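Given as structure tokens, the chain that follows is alone and in the form solved without this ligand.
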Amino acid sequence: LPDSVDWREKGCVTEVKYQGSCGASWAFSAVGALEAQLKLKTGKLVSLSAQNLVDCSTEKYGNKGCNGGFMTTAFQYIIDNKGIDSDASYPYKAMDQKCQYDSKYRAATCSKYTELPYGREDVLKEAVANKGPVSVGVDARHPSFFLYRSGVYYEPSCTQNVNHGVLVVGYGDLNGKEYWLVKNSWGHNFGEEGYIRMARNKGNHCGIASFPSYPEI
């Protein structure tokens, strides 16, 4: 119903992270979604451990750490593992390590997650507004994406085949162009202080609504 939302205004989004040469966008996207659900229930915003997911949500979950993974099965790990550590106590090192999870430094838990219907930008809008930040995949193969500085991103050669985990933390519009407000994990010098606004309601642009998921506590 609201024409625009931004979950940063509601205190539900952490500092933008830097994944580096490790392709752990899936882990960053997943912890970002859970982070927001943590704040909604607990009142505490704390950066959760992407590295905990890279290291422990591995072969059983169809994830290859720094060679990519799924947010959906990352949520399953946190359910199965009965918690995830804080980034503070299990920080990010941009490589594949042995699983060093420690129940002592558990900062959050996960009960279930929800996978939204394929390519449905309307349902995604509902969830973003009413549930919270949604982990999504995008097609970020194209140099335009790498280079993005500002405004609403539209790449004509963008497919709906997704390779990169991001987190939709809102939506809105700019000069008529409707956008999704997407948190990336490529440091602060990417786009708009770490964020990118990508085309909304333009035939599932770059696959943004192809595989949306969010967790719950």
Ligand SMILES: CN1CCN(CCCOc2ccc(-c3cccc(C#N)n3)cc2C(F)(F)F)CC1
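We number the residues from 1 along the sequence you see.
One more form of this protein should be noted, the form deposited with this ligand bound, which is absent from this view; the next part is about it.
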- Message: I'd like to know if residue 175 sits close to this ligand in the deposited complex, meaning any non-hydrogen atom pair within 4.5 angstroms.
- Response: no
| field | residue 20: touches this ligand in the deposited complex, heavy atom cutoff 4.5 angstroms | value | yes
*Is there a heavy atom of residue 185 lying 4.5 Å or less from a heavy atom of this ligand in the deposited complex?*
yes
**Interface membership of residue 44, this ligand in the deposited complex, 4.5 Å heavy atom rule** = no
Within 4.5 Å of this ligand in the deposited complex, heavy atom basis, the matching stretch of 124-132, 82-90, 139-147, 104-112 is 139-147
Across 91-127, the residues having a non-hydrogen atom within 4.5 Å of this ligand in the deposited complex turn out to be none
